[PDB]
Structure formats: structure tokens, C-alpha cells
Amino acid sequence: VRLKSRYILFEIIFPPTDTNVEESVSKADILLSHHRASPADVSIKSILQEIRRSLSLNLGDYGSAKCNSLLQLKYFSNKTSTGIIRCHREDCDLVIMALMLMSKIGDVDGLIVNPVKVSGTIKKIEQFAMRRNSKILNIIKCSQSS
Amino acid sequence: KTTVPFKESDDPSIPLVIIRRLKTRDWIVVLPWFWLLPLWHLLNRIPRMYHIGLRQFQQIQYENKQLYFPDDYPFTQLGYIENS
RNA sequence: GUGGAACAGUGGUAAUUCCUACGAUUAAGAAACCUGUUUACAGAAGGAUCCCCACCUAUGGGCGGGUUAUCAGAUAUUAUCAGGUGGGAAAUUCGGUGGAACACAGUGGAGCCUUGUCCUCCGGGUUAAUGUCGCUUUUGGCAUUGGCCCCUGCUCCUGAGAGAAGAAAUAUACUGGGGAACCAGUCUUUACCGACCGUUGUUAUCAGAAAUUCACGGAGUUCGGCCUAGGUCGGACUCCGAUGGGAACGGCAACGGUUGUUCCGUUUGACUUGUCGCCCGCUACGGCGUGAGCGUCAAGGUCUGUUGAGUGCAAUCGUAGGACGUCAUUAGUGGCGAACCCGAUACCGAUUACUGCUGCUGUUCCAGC
RNA sequence: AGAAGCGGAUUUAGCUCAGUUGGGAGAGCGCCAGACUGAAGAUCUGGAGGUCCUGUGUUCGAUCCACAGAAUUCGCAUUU
Ligand SMILES: [Mg+2]
Ligand SMILES: [Mg+2]
């Protein structure tokens, strides 16, 4: 006997809103300009407290009651700004739509959230994340060598 | 050393025949009935040798675009009777 | 006895209903997930035709040099894609297999003894020989010896599975229950004769003569001694004796003589790394450099080396349309395809949970005369 | 809320646990009461308190023995 809970990978991307500053047009350069850094006051509990407030103000209470049954952040590190949220397979739609409507953190505004990978296991999501980061290193190395 | 030496007076020298079979792409080796098992037991103790079933032999004949008598021969008398 | 309705028990079998399409990438394995499009070739390996210049011969032609046009199965396309994704039970763990090669106890070694006895089933029948006792060609009974005859139910390596008890019965061997097919335990299987192995301990208190064939009391028979109106004594057998579930070598538990017992070791791996040895070159006291070479040894370095599903904080999806089945309708459509449950190495047997079908059996109710 | 598969151990009063030729159903704690103290704790005495996990069957009789159906719980070089 086991439980069939799905995990969702998300990444915090900062859009470079600079109206007076010029821009360079390339692939890995705009990957550098979007994958810059996470700010100082970002942790597991801060992202959980923000997403529960977004779940309250956006989806309500009983929808928040269905979502908050197994709403946990299993793995997150601020150095790469990628996180894995555990959820049910039925309310995965609700969790992804809550991840979409994330507007701003209470400390830092001007950011979007990208839900990338959903699977019922975390080990294949880690294997996909290593391969996706390997492809990012490939693009960076191709633009760095030439 | 791990061996037993051969003696021309008191050791059972066997006849051994290994031939190629063309269309089924496989090597068949023929031997007397009671001699087969001392040859057969030492075969898959080589760690890269497994055994075949008749459904697996049908799969091998299916893979090499070949034909098989109880299943892929419907034209003949016995094949038609048995299969149908 | 029959037909219908309902319930119950057992045996057998089946379970995503099936098909179709879709679900982001030059960052080319992101619908949840896996595998595959890897035995490289266009008879283009001195390829074929053709352009220009020079040479030799003439009825055809060949050689040398230079750039380069056409052609390589549907005059095409180098950069797409396909298939599958839970079961009888996957739950239960009782079992065994992939280590044994047909009992060749799978093999080897050591120790001990009763030193591994080509032995013996007891037992029953026939035949031959001997000795005794009664009839007297001869036969009958007893004891010994020798010879023969007396039954793998089926498949399977194992585990196990199910078949029938006319050689004495009506209930199909015995015992207990079931409502009946039957179930459980002891057993036997063409037994043309049957065969419940032995030892140890237990059945507490009371009762009874006695809780294990101790013993004791009565009756009957046979034999021996004293003895002879047959009285008594001893030994053997049979039967009975108020009690308790009870006297029945019956029930329960443990151990083995089977082909001597016991112990120890593997016959199980593939890649990676390290050491050692073998051929080549330099150097010569053991040395050094390469072979994408081989053999042995070691290592908690690895095992998607993974399976027409193969995960390992444990995937097995969502939706639309069509085909089929059941049930309910007011105009004709709506709902449902489940219950139990769900891998983690695979196999098979048995058990348990639920739905539907099928055969048998038992009970109740209702009639045809 | 960290499965799956393997072995070992185990279920008895409300609790923690004994125990068993197979013939009585228990101890400590807790509850109540007695005793004691000005009062209370401790000590001590007594009573109440049972689905011996459930079921079959063996036996004359089951916590015990046999079978079936549940499970409890540990370990897998761990403190998640
Ligand atoms: Mg399982
Ligand atoms: Mg299991």
C-alpha cells in the first residue's frame, strides 16, 4: 500500500524590466538575464507563507482546504531558485493555477513563476532537472566558447 | 591449474559436429543423446548465455523475417489442421 | 415425483468493456512513465555517357592533359515517429525452484563407531527332504531346513494438487460432526491373504479391587503331587465384578531402525579500479612506454545488466467521439461497465475479500390429479 | 504520509507485564475502602475490576496443543 501524490517543479524567473537600459539579443545572454539570482529573504517558510496567502486570497477557503491537505515544499534552495511542491493528483490543477497567479513576494516584487515539470515521483523530476540544467550548461558553454 | 588431462587409452573421445544453418541464421551442434547433457550443463555457466523457449524461438523466427511450421505455415496439411 | 420463486454450501472460470484521435522543445527523452526505429553499403572501388586540345591509323577507334554537365528502384523528402502501461488476486507467506548433472544421497575432506552385514519384512500359500504319532497301495496332523510367489493410483525436480474405496454391508475402511453433495484425522489402493511400529511419560482429587495388559475375589476347563465316593494345593487360559469419559495394549506429547551419524566450503555473476605474469622497443640486478590483448586475486566503486509495466519519498494519466451490455422513461433520452484490490525478480500450488455465469445438493412456499 | 518484498519476536484486568504435567485464572501500578495523621504523602490491609485476539477441532477439561482468519512489532550498516 502507498500514496499516489504528485510533485511539481517550479522556478522563479525575474523579468528584466529596465526601460532606460538597453538589451542584448541572444539565447544564453537572456538566460543569464532571467536566471540572475534569488534575493536575500527567500526560504522555505517564506515561500510557503506567500503561497498560502495567495491560495487564500485567490482560491478561497474550501479550495484552500482541499489544497492544504498535502501542501508542502519538499526541496528548495535559494542558490538556484528551483523548488518542488508536493500535492495530490486531483488538486494538481489547483496547485498549478495557484502557482500561475503568484504576483509578488512581500519583500521583492517584479517576478514570475514558471511551473516546469509535474510527475508522480520526485526521483524522475530530479533526473529531468539535472538534464535540463545540463542543457542550460550546454547553451551557456556554446555562447561562451563563441 | 584447473583441468583434467587427456589419455589416449582411457578417456572417452567423442565425435563433435558444429554446422551453420543458413536461413535461420543460427549455429546447430549435434551429438549423441547421453553425451548432450555434459556438453549442455557447461554451456550457460559461461555468464553470458541464456536458454530459449519455443515461443522465444518463434520470436527469433519472427525477427529475422523467417517462417515457422506450427504457426506461420497455413498452406500445408498438418499446419492448417493443427493451427485451425 | 414434477415446475416456478427465495435463501444457503461447494466446484470451475472472467475482470482497466473495446476501438479511434490529441496532450509544448535545434534546449531534438517536459501529456505521468518505459522501450525501439544500431549486425554501417545506391553491384557510384580505379563508376557510365559527354566537352576542348594534341598524337597515330582510317571502314570502326584508342591514349594523355584540363575544367566539369547528367544519372544512382515510387524524377521527392536528410531533422520524423511507433507500441505498451495493473491482477486474480498483485493482499495473504504456507511452501519450493532458478545450487545439484534422472539416487551419481550434487561433490570433496576430517573425526567417531555398532567399522557401512551384496542382510530379514514379520507374516500367508505351494513344492522337496527329515523325525515322531494314528490308518496300513497309502493318507492325515505337528516341528525344522531350502527354493519360489505377495500390490511405485496419476502429473511433477521440488513444494503440492486432485481421482476411487463393488477383493465382508444398507451410511460405501475406521471415528466424530454436516442439511446433503460432503469436511476433518488415522489409512489402503489390480493388496485375486491381512497387518494402526517400538519406547518413555501423562489421564489431576474422589470413587472403585485396580489409571495401565502389577496385584486381588468368584466361576469353568486342562495338567501334576497327597489321595480315591472326584476333598485339598500349585501353574496356565477364558469370562465377570456397582465407581468414573473409562479398564479399551484406548486418547495425548516427544524420539528413531529406513541406503551409518555429525561438521565444514562453494557449484553465482557482469562492468570500473589496483597489483602480478606473458609477447614488442630502450636499458640490462629486480626497470620503463603502448596494445582500448589474456589469466588469477581483492575492493559496502556501480547494477534502470530492467521484465511484450519495471518503480525505487514508490509512474501506470486527463478528455472527446463511436460500438456493446444492463436498469429507469412524461418522445427518447439519462445513469452505470463495478466490488476486492493494487507490483517491486520471475514461476507455480493452496487460503482469504467481492460481483456475474454455470452444474449439483438441502430447506421453505405455491398447484396437476 | 516515507511503500514493496524477507526473516525473528509477540497479543492475558484500565495500564505495564508474569505465568502454564493441561485441571486456581494472577502480581505491580491505578481506582475505591479500611488503617494511620491536626491534615497529607509514604508504609500496610481488604475489595471492586477478565472477549486470556477471534474461530474450528482434539480431550473428560483449554491462556497452554493442532489448524484457520486477523494482527502487534523489530531489524534490513538507521535517529527520518
Ligand atoms: Mg505487494
Ligand atoms: Mg506480498
# chains A, B, ... in the order shown; residues from 1 in each chain; ligands from 1
$ residues_near_ligand --ligand "ligand 1" --cutoff "7 Å" --atoms "only C-alpha atoms (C1' of nucleotides) and all ligand atoms" --output "list in words"
residues 90, 91 and 343 of chain C; 4 of chain D
$ interface_residues --of "chain C" --to "chain A" --cutoff "9 Å" --atoms "only C-alpha atoms (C1' of nucleotides)" --output "PDB file with N, CA, C and O atoms (P, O5', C5', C4', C3', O3' and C1' of nucleotides), in the first residue's frame"
ATOM      1  P     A C  27      19.591  24.886 -29.518  1.00  0.00           P
ATOM      2  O5'   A C  27      19.266  24.550 -27.994  1.00  0.00           O
ATOM      3  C5'   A C  27      20.001  23.549 -27.294  1.00  0.00           C
ATOM      4  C4'   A C  27      19.124  22.711 -26.392  1.00  0.00           C
ATOM      5  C3'   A C  27      17.963  21.983 -27.070  1.00  0.00           C
ATOM      6  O3'   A C  27      17.800  20.694 -26.478  1.00  0.00           O
ATOM      7  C1'   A C  27      17.133  23.373 -25.340  1.00  0.00           C
ATOM      8  P     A C  30      12.183  15.574 -22.036  1.00  0.00           P
ATOM      9  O5'   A C  30      11.420  15.321 -20.664  1.00  0.00           O
ATOM     10  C5'   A C  30      10.071  14.888 -20.664  1.00  0.00           C
ATOM     11  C4'   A C  30       9.173  15.890 -19.989  1.00  0.00           C
ATOM     12  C3'   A C  30       7.787  16.042 -20.585  1.00  0.00           C
ATOM     13  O3'   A C  30       6.900  15.016 -20.179  1.00  0.00           O
ATOM     14  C1'   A C  30       8.716  18.180 -20.158  1.00  0.00           C
ATOM     15  P     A C  32       1.287  15.269 -17.112  1.00  0.00           P
ATOM     16  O5'   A C  32       2.175  13.947 -17.142  1.00  0.00           O
ATOM     17  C5'   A C  32       3.514  13.952 -16.670  1.00  0.00           C
ATOM     18  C4'   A C  32       3.774  12.787 -15.750  1.00  0.00           C
ATOM     19  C3'   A C  32       4.765  11.749 -16.262  1.00  0.00           C
ATOM     20  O3'   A C  32       6.112  12.098 -15.988  1.00  0.00           O
ATOM     21  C1'   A C  32       2.799  10.665 -15.527  1.00  0.00           C
ATOM     22  P     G C 312      11.253   6.165  -9.221  1.00  0.00           P
ATOM     23  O5'   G C 312      10.749   5.947  -7.724  1.00  0.00           O
ATOM     24  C5'   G C 312      11.639   6.086  -6.628  1.00  0.00           C
ATOM     25  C4'   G C 312      11.695   4.829  -5.799  1.00  0.00           C
ATOM     26  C3'   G C 312      12.875   4.706  -4.844  1.00  0.00           C
ATOM     27  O3'   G C 312      12.657   5.380  -3.615  1.00  0.00           O
ATOM     28  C1'   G C 312      12.605   2.683  -6.054  1.00  0.00           C
ATOM     29  P     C C 313      13.249   6.852  -3.347  1.00  0.00           P
ATOM     30  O5'   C C 313      11.950   7.712  -3.009  1.00  0.00           O
ATOM     31  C5'   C C 313      10.677   7.078  -2.937  1.00  0.00           C
ATOM     32  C4'   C C 313       9.632   7.923  -2.247  1.00  0.00           C
ATOM     33  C3'   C C 313       9.237   9.213  -2.963  1.00  0.00           C
ATOM     34  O3'   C C 313       7.831   9.419  -2.830  1.00  0.00           O
ATOM     35  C1'   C C 313       9.983   9.711  -0.771  1.00  0.00           C
ATOM     36  P     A C 314       6.853   9.155  -4.079  1.00  0.00           P
ATOM     37  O5'   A C 314       7.216   7.681  -4.563  1.00  0.00           O
ATOM     38  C5'   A C 314       7.683   7.435  -5.883  1.00  0.00           C
ATOM     39  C4'   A C 314       7.489   5.990  -6.264  1.00  0.00           C
ATOM     40  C3'   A C 314       6.044   5.505  -6.236  1.00  0.00           C
ATOM     41  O3'   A C 314       5.369   5.743  -7.460  1.00  0.00           O
ATOM     42  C1'   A C 314       7.391   4.038  -4.960  1.00  0.00           C
ATOM     43  P     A C 315       3.790   6.044  -7.479  1.00  0.00           P
ATOM     44  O5'   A C 315       3.495   6.451  -8.993  1.00  0.00           O
ATOM     45  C5'   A C 315       3.899   7.716  -9.502  1.00  0.00           C
ATOM     46  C4'   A C 315       3.862   7.744 -11.011  1.00  0.00           C
ATOM     47  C3'   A C 315       2.719   6.981 -11.661  1.00  0.00           C
ATOM     48  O3'   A C 315       1.520   7.733 -11.706  1.00  0.00           O
ATOM     49  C1'   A C 315       4.762   6.469 -12.760  1.00  0.00           C
ATOM     50  P     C C 342      -4.086  -4.389  -1.368  1.00  0.00           P
ATOM     51  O5'   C C 342      -3.756  -2.977  -2.028  1.00  0.00           O
ATOM     52  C5'   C C 342      -2.525  -2.767  -2.745  1.00  0.00           C
ATOM     53  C4'   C C 342      -2.551  -3.512  -4.057  1.00  0.00           C
ATOM     54  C3'   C C 342      -1.409  -3.195  -5.014  1.00  0.00           C
ATOM     55  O3'   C C 342      -0.333  -4.108  -4.832  1.00  0.00           O
ATOM     56  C1'   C C 342      -3.469  -2.864  -6.118  1.00  0.00           C
TER      57        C C 342
END
$ interface_residues --of "chain C" --to "chain B" --cutoff "10 Å" --atoms "only C-alpha atoms (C1' of nucleotides)" --output "JSON, numbers by chain"
{"C": [101, 267, 268, 269, 270]}
$ select_by_dssp --residues "range 7-138 of chain A" --states "helix (DSSP H, G or I)" --output "ChimeraX atom specification"
/A:27-34,44-59,62-67,92-100,123-138
$ residues_around --residues "range 110-120 of chain C" --least-positions-apart "4" --cutoff "10 Å" --atoms "only C-alpha atoms (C1' of nucleotides)" --output "ChimeraX atom specification"
/C:259-264
$ residues_around --residues "range 56-67 of chain A" --least-positions-apart "5" --cutoff "9 Å" --atoms "only C-alpha atoms (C1' of nucleotides)" --output "MDAnalysis selection string"
chainID A and resid 51 87:88 91:92 94:95 98 101
$ atom_distance --atom1 "CA of residue 39 in chain B" --atom2 "CA of residue 10 in chain B"
19.3 Å
$ residues_around --residues "residue 306 in chain C" --least-positions-apart "5" --cutoff "12 Å" --atoms "only C-alpha atoms (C1' of nucleotides)" --output "number ranges by chain"
C: 34-35, 311, 344-345
